[PDB]
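Some notes on the structure that comes next.
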Amino acid sequence: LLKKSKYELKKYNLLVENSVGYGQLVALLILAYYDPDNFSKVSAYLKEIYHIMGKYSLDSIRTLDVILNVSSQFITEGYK
Amino acid sequence: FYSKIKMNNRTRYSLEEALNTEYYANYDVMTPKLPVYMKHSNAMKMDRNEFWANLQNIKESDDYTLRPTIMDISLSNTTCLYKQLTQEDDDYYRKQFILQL
Amino acid sequence: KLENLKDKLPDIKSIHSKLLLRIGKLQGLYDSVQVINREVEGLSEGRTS
Amino acid sequence: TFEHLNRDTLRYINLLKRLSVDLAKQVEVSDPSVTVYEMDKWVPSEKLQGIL
């Protein structure tokens with residue numbers, strides 16, 4: 001109990017620890033590939049990602065894994 | 001929701017085949033990225049990009065710095081929960097419930 | 001800062017009423033294009049008057 | 001109010017590309033040296049573009 005509640009970082013590493021916080025991260029990336037306007041509002045989608053994984057304490061390693069995993073289905077048209 | 005996208009671009013594939021009756025067509029049911037008249041028009045781009053540019057100046061100001069998330073589902077309000085998951089126009093609130101399940 | 005929440009409310013009533021205006025405009029462009037595609041279909045049938 | 005402004009800017013995004021009714025194309029050509037035609041660069045008339 002000393003190195004669980006005093007030293008362990010409070011982050012969520014799997015897709016079941018936050019089904020609510022990871023469910024809004026995928027649906028925001030599905031939305032970003034269906035915009036006609038995608039180069040004028042790049043920095044409007046980052047500032048909504050940082051507010052999603054700050055509110056729900058999502059991991060920073062598993063989050064970069066979900067971004068590279070969803071963006072490989074849409075690599076033929078949107079790679080810019 | 002998926003039967004308004006299927007029947008929109010299946011009639012005009014039956015209408016290519018009649019007007020210039022040289023070539024048949026079976027394409028996919030996809031996202032036609034911009035139709036033909038929204039593709040190359042700088043009068044429609046420039047007034048649309050200055051609508052998004054003053055929607056960000058609301059969300060960059062130091063006044064509306066207390067606000068919910070764009071993809072947020074309500075739980076308290078029983079009226080807005082039925083109005084988010086039943087409108088067949090957005091369909092990003094019925095994809096979260098499938099991902100959560 | 002949350003005590004008033006008074007002069008910060010009508011500047012969201014403004015940007016929300018312009019967005020409901022821009023929706024109804026582009027919902028009207030997709031209803032006059034569907035008039036052009038009802039005439040070009042009927043005219044290229046062969047029956048004009 | 002923010003819960004209404006957020007929902008009406010997702011159906012504006014979902015209306016410019018996804019369902020997005022478009023025109024049916026008649027091919028007109030004038031020069032006799034083309035012989036190949038890709039149906040991506042078909043643009044409408046000059047009188048219809050000014051009206052739309």
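Chain labels A, B, ... are given in the sequence in which chains occur in the structure tokens; within each chain residues are numbered consecutively from 1, and ligands are likewise numbered from 1 in the order shown.
The residues of chain B lying at most 6 Å from chain D, with only C-alpha atoms taken into account, are residues 5, 12, 20, 31, 33, 34, 35, 70, 89 and 90 of chain B.
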What's around residue 25 of chain B at 7 Å? Count only C-alpha atoms, leave out sequence neighbours fewer than 2 positions away in its own chain, and write the answer as an mmCIF file with N, CA, C and O atoms, in the first residue's frame.
data_model
loop_
_atom_site.group_PDB
_atom_site.id
_atom_site.type_symbol
_atom_site.label_atom_id
_atom_site.label_comp_id
_atom_site.auth_asym_id
_atom_site.auth_seq_id
_atom_site.Cartn_x
_atom_site.Cartn_y
_atom_site.Cartn_z
ATOM 1 N N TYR B 13 -26.050 7.825 -60.153
ATOM 2 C CA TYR B 13 -25.315 6.845 -60.939
ATOM 3 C C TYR B 13 -26.207 6.191 -61.971
ATOM 4 O O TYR B 13 -25.707 5.669 -62.968
ATOM 5 N N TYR B 23 -20.946 5.395 -71.292
ATOM 6 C CA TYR B 23 -20.284 4.632 -70.245
ATOM 7 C C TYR B 23 -21.128 4.408 -68.993
ATOM 8 O O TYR B 23 -21.437 5.341 -68.247
ATOM 9 N N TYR B 27 -19.559 2.546 -59.033
ATOM 10 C CA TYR B 27 -18.564 3.073 -58.114
ATOM 11 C C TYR B 27 -18.940 2.596 -56.718
ATOM 12 O O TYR B 27 -19.834 1.761 -56.540
#
What residues in chain C lie within 8 Å of chain D, counting only C-alpha atoms, written as a PDB file with N, CA and C atoms, in the first residue's frame?
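Okay, this is what ended up in result.pdb:
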ATOM      1  N   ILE C  12     -22.770  34.242 -26.749  1.00  0.00           N
ATOM      2  CA  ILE C  12     -22.909  32.879 -27.244  1.00  0.00           C
ATOM      3  C   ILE C  12     -24.276  32.696 -27.872  1.00  0.00           C
ATOM      4  N   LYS C  13     -25.234  33.557 -27.532  1.00  0.00           N
ATOM      5  CA  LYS C  13     -26.499  33.569 -28.254  1.00  0.00           C
ATOM      6  C   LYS C  13     -26.313  34.130 -29.657  1.00  0.00           C
ATOM      7  N   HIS C  16     -24.421  31.383 -31.964  1.00  0.00           N
ATOM      8  CA  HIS C  16     -25.243  30.195 -32.156  1.00  0.00           C
ATOM      9  C   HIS C  16     -26.382  30.480 -33.127  1.00  0.00           C
ATOM     10  N   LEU C  19     -24.963  30.276 -36.746  1.00  0.00           N
ATOM     11  CA  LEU C  19     -24.713  28.911 -37.194  1.00  0.00           C
ATOM     12  C   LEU C  19     -26.004  28.233 -37.624  1.00  0.00           C
ATOM     13  N   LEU C  20     -27.114  28.556 -36.960  1.00  0.00           N
ATOM     14  CA  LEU C  20     -28.405  28.025 -37.389  1.00  0.00           C
ATOM     15  C   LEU C  20     -28.889  28.719 -38.654  1.00  0.00           C
ATOM     16  N   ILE C  23     -26.787  26.920 -41.555  1.00  0.00           N
ATOM     17  CA  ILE C  23     -27.313  25.579 -41.812  1.00  0.00           C
ATOM     18  C   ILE C  23     -28.482  25.658 -42.786  1.00  0.00           C
ATOM     19  N   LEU C  29     -29.447  25.097 -50.729  1.00  0.00           N
ATOM     20  CA  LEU C  29     -28.673  24.813 -51.934  1.00  0.00           C
ATOM     21  C   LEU C  29     -28.790  23.347 -52.326  1.00  0.00           C
ATOM     22  N   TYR C  30     -28.990  22.457 -51.352  1.00  0.00           N
ATOM     23  CA  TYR C  30     -29.196  21.049 -51.678  1.00  0.00           C
ATOM     24  C   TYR C  30     -30.651  20.751 -51.996  1.00  0.00           C
ATOM     25  N   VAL C  33     -30.417  22.205 -56.248  1.00  0.00           N
ATOM     26  CA  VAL C  33     -29.681  21.248 -57.064  1.00  0.00           C
ATOM     27  C   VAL C  33     -30.547  20.034 -57.363  1.00  0.00           C
ATOM     28  N   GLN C  34     -31.422  19.654 -56.437  1.00  0.00           N
ATOM     29  CA  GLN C  34     -32.306  18.524 -56.682  1.00  0.00           C
ATOM     30  C   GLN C  34     -33.513  18.920 -57.529  1.00  0.00           C
ATOM     31  N   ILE C  36     -32.674  20.926 -60.419  1.00  0.00           N
ATOM     32  CA  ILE C  36     -31.947  20.830 -61.685  1.00  0.00           C
ATOM     33  C   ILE C  36     -31.824  19.373 -62.125  1.00  0.00           C
ATOM     34  N   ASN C  37     -31.671  18.458 -61.170  1.00  0.00           N
ATOM     35  CA  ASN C  37     -31.536  17.049 -61.523  1.00  0.00           C
ATOM     36  C   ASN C  37     -32.892  16.388 -61.746  1.00  0.00           C
TER      37      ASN C  37
END
Report task. For segment 3-7 of chain C, list every protein, DNA or RNA residue within 12 Å, evaluated using only C-alpha atoms, and leave out those in the same chain fewer than 3 positions away; present the list as a PyMOL selection string. Result -> (chain B and resi 63-66) or (chain C and resi 10-13)
Name all residues at most 12 Å from residue 64 of chain A (count only C-alpha atoms; drop same-chain ones fewer than 3 positions away) and give them as a PDB file with N, CA and C atoms, in the first residue's frame.
ATOM      1  N   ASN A  13      -4.081   2.751 -18.648  1.00  0.00           N
ATOM      2  CA  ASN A  13      -3.196   2.233 -19.681  1.00  0.00           C
ATOM      3  C   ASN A  13      -3.938   1.378 -20.695  1.00  0.00           C
ATOM      4  N   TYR A  22     -11.647   7.033 -23.703  1.00  0.00           N
ATOM      5  CA  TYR A  22     -11.078   6.550 -24.956  1.00  0.00           C
ATOM      6  C   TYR A  22     -12.141   6.482 -26.040  1.00  0.00           C
ATOM      7  N   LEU A  25     -11.996   9.862 -27.742  1.00  0.00           N
ATOM      8  CA  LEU A  25     -10.766  10.118 -28.471  1.00  0.00           C
ATOM      9  C   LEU A  25     -10.818   9.523 -29.865  1.00  0.00           C
ATOM     10  N   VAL A  26     -11.445   8.357 -30.010  1.00  0.00           N
ATOM     11  CA  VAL A  26     -11.577   7.733 -31.317  1.00  0.00           C
ATOM     12  C   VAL A  26     -12.585   8.482 -32.169  1.00  0.00           C
ATOM     13  N   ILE A  49      -7.778  17.596 -28.043  1.00  0.00           N
ATOM     14  CA  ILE A  49      -7.197  16.331 -27.607  1.00  0.00           C
ATOM     15  C   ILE A  49      -6.592  16.487 -26.217  1.00  0.00           C
ATOM     16  N   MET A  53      -7.684  14.238 -22.752  1.00  0.00           N
ATOM     17  CA  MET A  53      -6.829  13.381 -21.944  1.00  0.00           C
ATOM     18  C   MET A  53      -6.201  14.110 -20.770  1.00  0.00           C
ATOM     19  N   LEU A  58      -5.843   9.886 -19.141  1.00  0.00           N
ATOM     20  CA  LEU A  58      -5.408   8.890 -20.102  1.00  0.00           C
ATOM     21  C   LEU A  58      -3.893   8.871 -20.168  1.00  0.00           C
ATOM     22  N   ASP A  59      -3.359   7.735 -20.590  1.00  0.00           N
ATOM     23  CA  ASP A  59      -1.925   7.519 -20.702  1.00  0.00           C
ATOM     24  C   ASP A  59      -1.382   8.342 -21.863  1.00  0.00           C
ATOM     25  N   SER A  60      -0.066   8.550 -21.895  1.00  0.00           N
ATOM     26  CA  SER A  60       0.532   9.284 -23.006  1.00  0.00           C
ATOM     27  C   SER A  60       1.219   8.341 -23.988  1.00  0.00           C
ATOM     28  N   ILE A  61       1.379   7.073 -23.606  1.00  0.00           N
ATOM     29  CA  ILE A  61       1.967   6.079 -24.501  1.00  0.00           C
ATOM     30  C   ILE A  61       0.869   5.353 -25.266  1.00  0.00           C
ATOM     31  N   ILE A  67      -3.707   6.951 -31.883  1.00  0.00           N
ATOM     32  CA  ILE A  67      -3.630   7.892 -32.997  1.00  0.00           C
ATOM     33  C   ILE A  67      -2.991   7.244 -34.218  1.00  0.00           C
ATOM     34  N   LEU A  68      -1.955   6.427 -34.030  1.00  0.00           N
ATOM     35  CA  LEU A  68      -1.321   5.762 -35.165  1.00  0.00           C
ATOM     36  C   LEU A  68      -2.141   4.575 -35.648  1.00  0.00           C
ATOM     37  N   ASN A  69      -3.121   4.141 -34.862  1.00  0.00           N
ATOM     38  CA  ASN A  69      -3.862   2.937 -35.214  1.00  0.00           C
ATOM     39  C   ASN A  69      -5.137   3.279 -35.969  1.00  0.00           C
ATOM     40  N   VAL A  70      -5.725   4.434 -35.670  1.00  0.00           N
ATOM     41  CA  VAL A  70      -6.912   4.887 -36.385  1.00  0.00           C
ATOM     42  C   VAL A  70      -6.506   5.551 -37.692  1.00  0.00           C
ATOM     43  N   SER A  71      -5.381   6.264 -37.683  1.00  0.00           N
ATOM     44  CA  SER A  71      -4.936   6.997 -38.859  1.00  0.00           C
ATOM     45  C   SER A  71      -4.262   6.118 -39.900  1.00  0.00           C
TER      46      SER A  71
END
Under the rule of at most 8 Å, produce a per-residue listing of chain C near chain B: chain, number, name, the closest pair of atoms, and the distance in Å, as a tab-separated table, using only C-alpha atoms.
residue	atom	partner	partner_atom	distance
C:8	CA	B:63	CA	7.2
C:15	CA	B:55	CA	7.8
C:41	CA	B:15	CA	7.2
C:44	CA	B:19	CA	6.8
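The protein and nucleic acid residues lying at most 12 Å from residue 80 of chain B are residues 72, 73, 74, 75, 76, 77, 83, 84, 85, 86, 87 and 93 of chain B; 1, 2, 3, 4 and 7 of chain D, with only C-alpha atoms considered and sequence neighbours fewer than 3 positions away removed.
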Could you write those residues out with N, CA and C atoms, as a CSV table (one decimal), in the first residue's frame?
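In the end it all went to part_34.csv:
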chain,number,residue,atom,x,y,z
B,72,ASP,N,-19.1,15.4,-26.0
B,72,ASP,CA,-19.6,15.0,-24.7
B,72,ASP,C,-21.1,14.6,-24.8
B,73,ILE,N,-21.4,13.5,-24.1
B,73,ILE,CA,-22.7,13.0,-23.9
B,73,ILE,C,-23.2,13.4,-22.6
B,74,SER,N,-24.5,14.0,-22.5
B,74,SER,CA,-25.0,14.4,-21.2
B,74,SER,C,-25.7,13.2,-20.5
B,75,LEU,N,-25.7,13.2,-19.2
B,75,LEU,CA,-26.3,12.2,-18.4
B,75,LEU,C,-27.4,12.7,-17.4
B,76,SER,N,-27.2,13.9,-16.9
B,76,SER,CA,-28.1,14.5,-16.0
B,76,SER,C,-29.4,14.9,-16.7
B,77,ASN,N,-29.3,15.7,-17.8
B,77,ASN,CA,-30.4,16.2,-18.5
B,77,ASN,C,-31.1,15.1,-19.3
B,83,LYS,N,-32.2,13.9,-27.3
B,83,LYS,CA,-32.1,14.7,-28.5
B,83,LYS,C,-30.8,14.6,-29.1
B,84,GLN,N,-29.8,13.9,-28.5
B,84,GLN,CA,-28.5,13.7,-29.0
B,84,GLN,C,-28.5,12.4,-29.8
B,85,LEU,N,-29.2,11.4,-29.3
B,85,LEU,CA,-29.0,10.0,-29.8
B,85,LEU,C,-30.1,9.6,-30.8
B,86,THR,N,-30.9,10.6,-31.2
B,86,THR,CA,-32.1,10.2,-32.1
B,86,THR,C,-32.1,11.0,-33.4
B,87,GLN,N,-31.4,12.2,-33.4
B,87,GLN,CA,-31.3,13.0,-34.6
B,87,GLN,C,-30.4,12.2,-35.6
B,93,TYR,N,-22.7,10.4,-31.8
B,93,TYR,CA,-23.1,10.1,-30.5
B,93,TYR,C,-23.6,8.7,-30.4
D,1,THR,N,-26.3,26.1,-23.3
D,1,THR,CA,-26.1,26.8,-24.6
D,1,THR,C,-24.9,26.2,-25.3
D,2,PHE,N,-23.8,25.9,-24.6
D,2,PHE,CA,-22.7,25.2,-25.2
D,2,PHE,C,-23.0,23.7,-25.6
D,3,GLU,N,-23.9,23.1,-24.9
D,3,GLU,CA,-24.4,21.8,-25.3
D,3,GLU,C,-25.3,21.8,-26.6
D,4,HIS,N,-25.7,23.0,-27.0
D,4,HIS,CA,-26.4,23.1,-28.2
D,4,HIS,C,-25.6,23.6,-29.4
D,7,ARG,N,-23.5,20.6,-30.7
D,7,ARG,CA,-24.2,19.6,-31.5
D,7,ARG,C,-24.5,20.2,-32.9
Requested in this report: Provide as a PyMOL selection string the residues of chain A at most 9 Å from chain B, counting only C-alpha atoms.
Outcome: chain A and resi 16+19-20+22-28+30-31+34-37+40-41+44+48+51-52
Requested in this report: Output as a ChimeraX atom specification all residues of segment 50-91 of chain B that backbone DSSP marks as alpha helix (DSSP H).
Outcome: /B:50-52,56-59,78-84
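If only C-alpha atoms are the atoms counted, then among A:18, A:5, A:38, A:73 the closest residue to residue 57 of chain A is A:18.
Picture a line from atom CA of residue 28 of chain C to atom CA of residue 42 of chain A; it runs 29.4 Å.
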